[PDB]
Amino acid sequence: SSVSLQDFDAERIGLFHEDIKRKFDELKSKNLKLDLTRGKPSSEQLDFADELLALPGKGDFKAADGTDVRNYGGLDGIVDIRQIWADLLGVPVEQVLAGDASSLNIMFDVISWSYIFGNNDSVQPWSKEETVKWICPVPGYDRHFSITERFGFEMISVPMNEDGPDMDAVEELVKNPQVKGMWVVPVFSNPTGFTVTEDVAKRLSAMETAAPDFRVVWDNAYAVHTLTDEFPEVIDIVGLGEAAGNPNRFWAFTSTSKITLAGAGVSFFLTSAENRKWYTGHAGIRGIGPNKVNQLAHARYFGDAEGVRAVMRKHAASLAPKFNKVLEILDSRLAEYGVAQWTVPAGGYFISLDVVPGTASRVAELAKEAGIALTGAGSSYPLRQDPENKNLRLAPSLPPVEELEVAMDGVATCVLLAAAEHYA
Amino acid sequence: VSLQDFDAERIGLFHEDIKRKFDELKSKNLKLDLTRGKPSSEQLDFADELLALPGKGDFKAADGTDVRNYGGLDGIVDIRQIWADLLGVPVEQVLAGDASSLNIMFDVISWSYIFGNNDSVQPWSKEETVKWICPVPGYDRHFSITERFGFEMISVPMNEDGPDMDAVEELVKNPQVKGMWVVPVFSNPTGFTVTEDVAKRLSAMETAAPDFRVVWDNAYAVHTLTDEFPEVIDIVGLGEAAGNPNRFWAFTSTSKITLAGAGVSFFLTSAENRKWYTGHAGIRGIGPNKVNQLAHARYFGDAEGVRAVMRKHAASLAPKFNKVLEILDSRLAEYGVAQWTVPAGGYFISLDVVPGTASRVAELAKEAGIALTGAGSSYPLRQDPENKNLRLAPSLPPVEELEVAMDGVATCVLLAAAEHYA
Ligand SMILES: Cc1ncc(COP(=O)(O)O)c(C=O)c1O
Ligand SMILES: Cc1ncc(COP(=O)(O)O)c(C=O)c1O
């Protein structure tokens, strides 16, 4: 009685194909120009931080330790913003470095410097190895993969599961000394929405790796970025490494790009004492230090960690209805057919949609014909290669709800037409 | 009579007297510092408004870009256009970054080492040896970058008209030589300025390395002490005219214009070099801080607004330089122990003392509570082969502290000289 599309008989699927073609032609007739690709805050979210454009303000230029933020010096970032983030994340302030307005920049730099110089645990620079391998949980973040691609690292994929990366697979892979590191987005992961559990974190902390200088990039970009009233747990991953006897394993990051201003916020690097010393030793050759004025501006804007969480409540209220609309259209158009699976995230910036394998690129092509921009098939995979051609990323944050409704209704029609083509 | 011409008896008397004066200095329990090439608080106060810019509701660049959101690797048009106008170059030449030009210099060297630059046949990491030309006295933070990368640094004199071009043109015949540092206007620390003729030689010279780069770090491009602004040679244009369009990586910043560490940096280079840079920069991140760029554009308004700011800096700094020069004149000139630059701009005075004594002068000054930068600080690997050069940084302290500090330094110079000759 219930029958999925893949189980429709030959005639039934042919007739379905004719029907959904009608619907697609109706869609194309609307002459839409809509875009579901932009993983960035809306204007209304950026409005929240309007005061920050006037901070720290005339005459307000002393950090909490007396530092004149207007003059040179200090590689670590100012104590005011470091302490707020330490309090927010529940870690010792000593673990926290605060940078400029890009956490990606710091991730690039620590990889780059490991490549040139070696890290503090290296016996030689990564540039001297015949092959460098890097573990990539998928679906994941294109800008991560682009860094390791640029450096010529062989990227080895593993599944990103509901509780984190597949640890049976990771534990096996790291037995090869070619493997130097891995990427993970541990909370509301980009784009699955999945979150690393304590058990998986402990496995990452305790596993033994063949490379003596192996590093996990723990890019906690969505550390407080809830859609609900409940904030996710902040695992003190640096502390878990230390407890396991692998203190230098984790390079942890976060930022305020999706809290304040996207591209004009403050970044953070959290790591062990030996790793911090290594980083600041190199960073002090690269320059005199980060922008302390913007750090003070941010400290004044937030006040304290509760002030950060109050801002995140504002973002949640803005984003929630957008996620809800996408989810409700996916359900109302697709659920009955058994053609697609999608995440129901509790935070972060994306919904991850799996369609009939072999059809994701066709869905994106159909959507384009109908004036709806989707992120390309494979975009969440190393080298833009999804071996199942099934996954699509949806970005609800920017457009208004009315645009999301029309666009997602269109996407649903494209999913069904591509599926009908595939099965017929 | 110069000190070096005093006879044994006379130098002995001099030595005893100056040693007593040094002891009297050391008893004052001073805590002074002539090392910091930083703007003073009074200079930083000029930009107080900038701490509140661009202000609520003011977030659009001139082309309509929302500066609060992601994207754009080149910097915003407003600040790029002001600097293009200020420097007299096409706006297309100008990239605007974050608050450190050193960071960009480091990056382009690092990326040449890892990846090669756009004219490389292989990354610099693949070379057995990389050599780099270092005009001296020069900037320690430049030399620290090339030291960190393990490049062999080859010194050449920084003369009044720029680097010794006979020496440079010979050195670049060696394909191991991949580049060169220069501070081309009010050079750090000599105050010397590259002439048109030397710039044309740099632009036209044949280099053995196909991917040779000059770092033209024009940190003091508008940083006059007199209110006469120096010529801005369009060095990128000169390289283009000479048929070496990709030779120059040019830099400047607002660190000594607005806020030191919270300003805006600039990278000026050829089209092919810009494409190479932004290709790599776009992997490193999503782009620079456009809000601070807009803040700076609003603060200045236009190139004339930048020059008005530089006049404020000149009026603050000129009396400090004058006071230092007056004390050098009144304590040292008659003895023939020292020579010093008399700069028209920039942040330093370069002082040469009796050869073999610079480290002793710095040690004596430290005993007396006066911090001087160490001997060799303006040389690669901190190695001044004559042990004669010292840097003086007048900008931060008030002139009252400068007079006490410099009087003490002069006593140290004379004691070290007396020890040397006795
Ligand atoms: C996983 C992840 N990391 C990093 C970033 C970008 O961060 P930043 O602006 O600090 O470079 C993003 C985008 O928000 C992201 O999704
Ligand atoms: C020659 C030179 N270049 C660069 C700098 C530092 O510039 P930034 O703050 O833009 O890194 C200085 C200090 O003013 C300098 O003397």
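Only this structure's heavy atoms are used, side chains among them; waters, hydrogens and symmetry mates stay out. Naming convention: chains lettered A, B, ... in sequence-line order (proteins, then strands); numbering from 1 in each chain.
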If every non-hydrogen atom of [X] is compared with every non-hydrogen atom of [Y], which pair is closest and at what distance?
X: B:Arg68; Y: A:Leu46; value: O-CD2, 3.4 Å
X: A:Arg150; Y: B:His280; value: NH1-ND1, 3.2 Å
X: A:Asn291; Y: B:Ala262; value: OD1-CB, 3.4 Å

Checking [X] side chain against [Y] main chain: does a donor-acceptor pair fall under 3.5 Å?
X: B:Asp48; Y: A:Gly59; result: yes
X: A:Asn71; Y: B:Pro39; result: yes
X: B:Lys38; Y: A:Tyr72; result: yes

I'd like to know which of B:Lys290, B:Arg141, B:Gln43 tops the heavy-atom pair count under 4.5 Å against chain A.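 Looking at each of B:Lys290, B:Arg141, B:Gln43 in turn, B:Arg141 comes out on top.
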Looking at B:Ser100, B:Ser144, B:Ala99, B:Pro54, which has the largest count of heavy-atom pairs under 4.5 Å with chain A?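 It is B:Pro54.
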Tell me, side chain or backbone of A:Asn294 under 4.5 Å from chain B's heavy atoms, or both, or neither?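 A:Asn294 touches chain B through side-chain heavy atoms alone.
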Measure distances from [X] to the heavy atoms of chain A and classify the residue's part below 4.5 Å as side chain, backbone, both or neither.
X: B:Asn103; answer: both
X: B:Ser41; answer: both
X: B:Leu396; answer: side chain

Once rounded to the nearest 0.5 Å, what's the spacing between atom [atom1] of [X] and atom [atom2] of [Y]?
X: A:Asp68; Y: B:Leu259; atom1: CG; atom2: CG; value: 9.0 Å
X: A:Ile288; Y: B:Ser255; atom1: CD1; atom2: OG; value: 6.5 Å
X: A:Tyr115; Y: B:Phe115; atom1: OH; atom2: CZ; value: 7.5 Å

Find the one option among A:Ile106, A:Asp109, A:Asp100 whose heavy-atom pairs under 4.5 Å with chain B are most numerous.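 Going by pairs under 4.5 Å, I would pick A:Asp109.
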Angle between ring planes, A:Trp113 versus B:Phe106, binned at 30° and 60°: parallel, tilted or perpendicular?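 The arrangement is perpendicular - the two ring planes meet at more than 60°.
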Assess the residue pair A:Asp60 and B:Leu51 against the criterion (side-chain contact (heavy atoms from CB on, under 4.5 Å)); give the C-alpha distance rounded to whole Å, side-chain angles, the decisive distance to 0.1 Å, and a yes or no. CA-CA 8 Å; A:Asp60 190 355; B:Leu51 299 175; 5.9 Å; no
Between A:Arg286 and B:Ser110, is the side-chain contact (heavy atoms from CB on, under 4.5 Å) condition met? List the steps. CA-CA 10 Å; A:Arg286 179 165 182 282; B:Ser110 85; over 6 Å; no
Step by step, work out the side-chain contact (heavy atoms from CB on, under 4.5 Å) result for B:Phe149 and A:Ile116. CA-CA 8 Å; B:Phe149 278 91; A:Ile116 296 161; 3.9 Å; yes
May I have the step-by-step check of side-chain contact (heavy atoms from CB on, under 4.5 Å) for B:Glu147 and A:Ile285, ending in yes or no? CA-CA 10 Å; B:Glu147 182 178 357; A:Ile285 302 295; over 6 Å; no
